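Visitor:
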Ligand SMILES: COC1=C(OC)C(=O)C(C/C=C(/C)CC/C=C(\C)CC/C=C(\C)CC/C=C(\C)CC/C=C(/C)CC/C=C(\C)CC/C=C(\C)CC/C=C(/C)CC/C=C(\C)CCC=C(C)C)=C(C)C1=O
Ligand SMILES: COC1=C(OC)C(=O)C(C/C=C(\C)CC/C=C(/C)CC/C=C(\C)CC/C=C(\C)CC/C=C(/C)CC/C=C(\C)CC/C=C(/C)CC/C=C(\C)CC/C=C(\C)CCC=C(C)C)=C(C)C1=O
Ligand SMILES: COC1=C(OC)C(=O)C(C/C=C(\C)CC/C=C(/C)CC/C=C(\C)CC/C=C(\C)CC/C=C(\C)CC/C=C(\C)CC/C=C(\C)CC/C=C(\C)CC/C=C(\C)CCC=C(C)C)=C(C)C1=O
Ligand code: HEC
Ligand code: HEM
Ligand code: HEM
Ligand code: HEM
Ligand code: HEM
Ligand code: FES
Ligand code: FES
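The structure is reproduced here in structure tokens:
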């Protein structure tokens, strides 16, 4: 019987276009960090040992 | 309605993300090539320069003077007046270590190269008109509106000085 | 593009050190993998 | 109180062309490439402008300049690849933009159709002079061959070639003028494109059926904006996949070796989009014959409207014409494939057969079958 | 059959824009400098285009290429001087274009007047970047000074000056980057020039009297085509005299020396057409304040329509406003003269007085006198 | 003729439509969509495909004949002896 | 003469659509280049930088650059001298001019290796097969005394003597030196030298794929949403009778 | 690199290879190139003539 999640998201945010834009840009701010970090982790996990940042240990600090 | 507008709202997020990235690429291409950075700011220099000696270097196409100077030469700097300049500047406000002086190697009068360890002040001597300067290079005889340029340098290790 | 040798060739013409290809004085194909004869814009002497 | 987009002069033009443009509702994807072409142009322009800030149009430093762009300029490699790969996409859309008109009978719009022919020739010139800019082996020699093709003129000949070259051969002066011409023409194409759209608006777009669409016209802002915004997304998807996964697939090596006036590679084949005409040239032993063939090729497009004989626009309702169309397309594929292969017995004969088949189909078969179909319909 | 010029799409625009648009019969020669400007723009493109076929934008080969053009290239010297002197003629016509508007009240056409301001700013940018291309002693230092004057921006200045430089100095990357901008910008100006005419055409041209001339309009073609042709002939006369007899009077020597980074010339000065602004910034003691003055000035041109408070459009019947207008013209002459003189006590005070007099005239004196004149006539 | 106000003259026609928010964006995309696509493909299969098959056959044979030509000739060496 | 033997497709570690380049291989590949290759082949478009973030650290690169000697600009009131070399000098060329190189190599000119991989068909696959497979000529063919047979060369005759055999060098890593091993490392290093944006290019590709997967269905949904009103429209014709 | 006798297309020989050698032999002063000296200095040849005579 609880009001659907989308209905609440609409009345508070989507009804007013200015708030609709505000939530969009904040979502971009957050999604950018999340998407970037996730993609980078996947790429590194595909190529452990190949990437030089995983090789620094064998030779570092003289 | 909330469902449909959600789709649109999410779509814009994606369009925004790429948009920013794309622009940052094109703008970054204009900032500076890697070679520019490699050739510039790379001015590590040993501290082994004796007192009074002036080993010439190059920096941004400008000859650069780094001089260790004895205490009596610094006393001679005190003899010269920092209030007798068009742009007065207190001594320690110029040089972080009075025994060290880093300055440009071109005179501002006609682009001539001053002679190190010369002049009536014991500093620099321009043969083009016999202009005299001190170890700090304070404009004394010349049209230069202000003193000789004080290049930006930063001490990181006791033996190196970054200049960039 | 190898330069023919002066006063060379098995027939008094030119000799190519790159592959041993021989060319006559007139540059005609006589030996060697060269597809066409030596290209000179004008046979003016 | 009334809308402000119906008073301001700058908004009247945008309203006419973009927002309240009456457009048929049943137009398929084939009608999207038009927009994409302009979009691709807008991309090329910007991409090239950024490459111009670091390119030295000199025969002794052009090749080194590109090497410096891809190794020292921030994101220079991607910009260069986007420009190169975006040119191939231009032609792909352009060939599909011309095929639609051939199939659906859009050539009946004389004015618009003729403007397109000019646009095609202008774009072809732009791509040829751009490809010589890198100053690779293929670039140097490709220009030489194509430029020596004007010597076939009866009495002038050499004069034009030496005039274009600015000398007795291809060297720095040729490179510099080509750089300037490469820079300028795209902006001229933009003006031609506006004339293209100008003459189009007087009549409107042609629906796939070929019947008058005045009963089912809809506005352009809400429907075809999103439909053409989805097409552009797909266009970018294809372009980015090509650039980011196969940067050198539609190109050719030997462009990464410095141009040598003395050495010459064996195959020396031109770019893929300039291959069908290349085979047509080689099919005719005579030089004058070949150049006339190349020109006669493009001219056919201008003559196609005159060769139309059927009483219908679209070939959707004429299956025999459809089969001929697809055979003609396959012939073009054969021409392209032959252009990519060395000169040998089987390829040479196949090229000659393809060339004659090409011309005969357009000039003879299509009008004849059109009349035949008119007979079976008791017109 | 009716004339084709009223039915063909391309001919409708030409007929409206040139052949048949009504124009006032009494417009004087002042109304002839608008057409000349475009002609000069056309002249500036073609000449520059040919120069681009031989110029090499590099720190080392730029000066050499100019010498090569002047001596070895056929008729290179005349082309270069037409380009150089055409620039000065362009600004002379441009100032006269602006002056006419201020005197006869043309600024009342807000939409058209505002677009004009953009054209002026773009023109100045094109001219400033072009002056760097020769890469002489004056070009190097002129760019250095006029660029280092963005370090005064509150917090981003230093970041936005190195970015423009492409480095920590002014070197070849700046030269190539300016070259591309120099090429592209004029074509944008051409497009904007079509918006200028477009917004003008929806209202019609003004006349010296300031009264509407609907009663006595005339077709543009016969009368004004020949009149503008006469103006073009006179404009060519002036240009050819400058180039063919005394090409270098209006230039500044010492630009014929190779740019020496470690040699500051004793007397750095901008070009004659930019001097008026130089003195307005050199006078203000604060570096940032001087930039704010050079900008607030140019923009008072945008504020002129607001400050207008007279009940008559044309200053022809306003004798006191005429005296102020000529006084302001004299002030601009003084500013120009001071710009070319070294820093010293007499010139500095004269420049300071001229700057304040310039501003106060535009702001206070002109509105107040217009109000008094209105009071005199008993409106 | 170029303005929606006056394009054609129609009469005795009615139309019915629903709002975008009152209907599904993918209605019968499992039971009625796929079969329609299959109809489209089948209805134009023989008009296009077979010609491009001929192209493939011409392409394969060609390559085969080209390579077949470079093979050495045993009939040019039997007598060479 | 005869159609050149096409090299086979080898299983490189970066053949995959999303794979990268093993950076330890590049390190050993460069080590090979430092002496065995640089005798007459040259890399005109590489500097001692470009390696700081790839294989070697800052300090090790600087120390390595100190081992070379370049010629510096004219001394003021003097002439040219010799400078140690810093991290902005490109790799030393072996000969002042092409003609001198030809003289020392029986007229053959060793091409620059900066773009060799992208220059030749087959890429590194071609180079690997080329470095190996130095067999003797079959029965019925003769060669100039200063040429060597190689079935992968388009003419089968090449002036390159076999450059790599076993135990020519000694890796500091401890990896045994084997003709196959050295060839693999140098081929990887060359593939990098012709494409140092390899890893970055593929990372951006990965992000592009995921972004398209999210976007394409979304944009299509919006298109269907707006167009639904037209796709469901129903029409009727009711003349006066 | 060998030395030719010289041809028409050749330019006038350089007195010195580099500016450093020129100044070293001219007591620090660098003699400017004369190809554009007339149009570079103020006063034209009037300056040059009076310069040599005075
Ligand atoms: C002494 O050394 C110096 C010199 O010498 C050496 C100099 O030379 C200079 C001069 C500087 C010179 C080069 C450098 C300065 C360069 C610049 C400011 C500009 C920077 C930009 C350039 C290269 C790029 C130029 C930009 C271009 C092409 C972009 C524009 C593109 C377009 C199509 C134009 C489109 C515009 C469109 C649609 C808008 C349409 C409408 C309008 C005009 C209408 C007006 C609208 C309005 C609100 C205004 C109306 C207002 C009203 C009523 C209110 C009144 C206003 C008030 C203000 C009161 C300096 C400073 C100097 O130090
Ligand atoms: C007072 O009342 C008035 C008004 O108010 C009622 C008005 O309103 C107006 C109208 C206002 C005005 C003019 C003012 C300005 C306003 C305007 C609208 C116009 C704006 C201007 C413009 C866009 C600029 C227009 C153009 C200019 C300079 C020209 C630049 C562009 C070009 C095409 C020009 C041509 C350059 C050419 C040909 C190059 C020269 C070289 C040629 C021979 C050699 C060329 C060779 C080649 C391309 C070779 C190619 C070879 C190839 C591919 C090789 C092929 C090889 C094979 C083998 C096939 C007026 C006048 C008026 O008075
Ligand atoms: C299918 O149905 C459809 C139809 O049919 C029914 C249709 O009909 C249409 C109709 C529409 C079309 C097809 C659309 C396309 C239509 C066309 C004709 C195509 C037209 C294309 C174009 C004009 C090309 C557009 C792009 C162009 C020219 C390039 C754009 C970019 C630029 C000039 C550069 C912009 C700036 C950039 C990158 C920023 C970098 C630079 C800088 C900051 C500048 C640096 C500084 C300087 C210059 C310095 C200036 C200041 C200086 C010196 C000093 C200042 C002062 C100081 C004091 C320092 C559609 C869509 C459709 O779908
Ligand atoms: C050390 C491993 C090594 C690699 C990898 C290498 N070189 Fe070469 N290389 C040449 C010469 C000369 C050519 C041109 C023709 C030839 O191969 O003989 C050439 C050609 C090549 C080619 C192919 C040329 C073409 O046109 O396809 C490659 C690839 C190459 N070198 C890379 C002298 C050398 C020398 C000097 C003794 C050495 C050492 C040498 N080469 C060692 C190496
Ligand atoms: C080269 C750049 C070109 C651009 C930017 C361009 C632009 C456009 C655009 C945006 C459309 C509208 C698309 C539509 O409504 O279907 C269009 C239509 C058209 N184009 Fe082009 N075009 C170009 C080249 C060509 C060429 C080479 C031809 C060759 C004949 C051509 C012929 C046509 C025709 C006939 C139409 C009308 C189609 C119809 O009415 O259905 N165009 N063009
Ligand atoms: C329809 C418009 C255009 C087309 C079809 C086109 C096509 C091309 C092509 C195919 C190349 C060679 C790509 C390669 O060798 O990999 C090229 C090169 C180039 N083009 Fe254009 N171009 C266009 C517009 C422009 C514009 C407006 C500019 C403005 C500066 C420009 C500047 C350049 C430059 C600088 C290069 C050098 C490429 C390089 O250095 O790698 N192009 N162009
Ligand atoms: C820079 C290139 C420019 C071109 C090619 C151009 C062109 C023209 C032309 C052809 C006319 C009509 C004929 C004439 O007045 O002589 C005109 C009128 C006008 N121009 Fe410009 N113009 C330019 C710049 C400017 C600028 C910088 C302004 C600054 C105020 C301006 C303001 C005006 C005004 C207010 C009119 C209306 C004249 C009237 O109503 O009588 N224009 N322009
Ligand atoms: C209104 C348009 C233009 C103006 C006001 C303008 C102005 C100038 C100016 C003042 C110079 C300095 C020349 C000197 O001091 O000797 C110059 C140089 C140059 N401009 Fe233009 N220009 C315009 C259009 C163009 C165009 C369209 C091009 C090329 C397409 C071009 C190419 C050049 C070149 C190559 C130079 C170097 C000439 C030299 O160094 O003497 N310009 N321009
Ligand atoms: S050179 Fe310094 S005062 Fe003359
Ligand atoms: S080099 Fe001439 S035949 Fe090989």
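Residue numbers (the deposited numbering), protein chains in the order written: chain Q, 2 to 63; chain P, 111 to 274; chain C, 221 to 265; chain V, 1 to 379; chain J, 1 to 379; chain N, 2 to 82; chain U, 85 to 325; chain H, 164 to 217. Built from N, CA and C at the ideal position, the CB exists for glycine as well.
1. I want to know whether the segment 217–227 of chain J touches the segment 14–33 of chain J - three or more CB-CB distances under 8 Å.
2. Using a cut-off of 9 Å between C-beta atoms, extract the partners of residue 253 (chain C) located in chain U.
3. Hey, how far is the Cα of residue 177 (chain U) from the Cα of residue 144 (chain P)?
4. My assumption, with CB atoms under 8 Å, is that residue 278 (chain U) sits in contact with residue 201 (chain U). Please give the rounded CB distance.
5. Examine chain J for any beta-carbon lying closer than 8 Å to the beta-carbon of residue 186 (chain H), and answer yes or no.
6. In terms of residues, what are the limits of the alpha helix (DSSP H) holding residue 35 (chain V)?
7. Thinking residue 248 (chain U) and residue 232 (chain U) are a contact (beta carbons under 8 Å), I'd like their distance in whole angstroms, please.
8. Taking all protein chains shown into account, do 16 or more other C-beta atoms lie within 10 angstroms of the C-beta of residue 196 (chain H), making it buried, or fewer, making it exposed?
9. Work out the CA separation of residue 225 (chain P) and residue 238 (chain P) for me, nearest whole Å.
10. Output yes or no for whether 8 Å exceeds the beta carbon distance between residue 309 (chain U) and residue 114 (chain P).
11. Could you confirm whether any beta carbon from chain U is found closer than 8 Å to the beta carbon of residue 221 (chain C)?
12. Against residue 302 (chain U), what residues of chain Q qualify as contacts under a CB-to-CB distance less than 7 Å, listed in chain order?
13. Which of helix, strand or coil does DSSP assign to residue 56 (chain Q)?
14. Check the Cβ of residue 11 (chain V) against every Cβ in chain J and list those closer than 9 Å, keeping chain order.
15. Taking DSSP's pairing of strands, which residues face residue 176 (chain P) in a bridge?
16. Does DSSP put residue 32 (chain Q) in a helix, a strand or coil?
17. Check whether the segment 199–214 of chain J and the segment 100–118 of chain J are in contact - that is, three or more C-beta pairs closer than 8 Å.
18. Any chance you could list the alpha helix (DSSP H) runs of at least 4 consecutive residues sitting entirely within the segment 228–291 of chain J, in chain order?
19. Check whether the Cβ of residue 135 (chain J) lies closer than 8 Å to any Cβ atom in chain P.
20. Are the beta-carbon atoms of residue 44 (chain J) and residue 87 (chain J) separated by less than 8 Å?
21. Please report the straight-line C-alpha distance between residue 12 (chain V) and residue 302 (chain J), rounded to a whole angstrom.
22. When the Cα atoms are used, what is the spatial distance from residue 125 (chain P) to residue 235 (chain V)?
23. Just how far apart, CA to CA, sit residue 328 (chain V) and residue 95 (chain V)?
24. When you measure from the CB of residue 44 (chain Q) to every non-hydrogen atom of ligand 2, does any distance come out below 7 Å?
25. Please identify the residue among V:55, V:67, V:194 and V:292 whose C-alpha is closest to the C-alpha of residue 182 (chain V).
26. Which bits of chain H does residue 156 (chain U) rub up against, with CB to CB less than 9 Å?
27. For residue 266 (chain V) and residue 287 (chain U), I'd like the C-alpha separation in whole angstroms.
Guide: From the atom records:
1. yes
2. 85 and 239
3. 22 Å
4. 4 Å
5. no
6. 33–52
7. With a Cβ gap of about 13 Å, residue 248 (chain U) and residue 232 (chain U) do not count as contacting.
8. exposed
9. 10 Å
10. yes
11. no
12. The contacting residues do not exist; residue 302 (chain U) stays about 13 Å from chain Q at best.
13. coil
14. Neighbours of residue 11 (chain V) on chain J: none; closest Cβ ~12 Å, over 9 Å.
15. P:165 and P:212
16. helix
17. yes
18. 275–283
19. no
20. yes
21. 25 Å
22. 15 Å
23. 14 Å
24. no
25. V:55
26. Under the 9 Å cutoff, chain H gives no residues; its nearest Cβ is about 12 Å from residue 156 (chain U).
27. 38 Å
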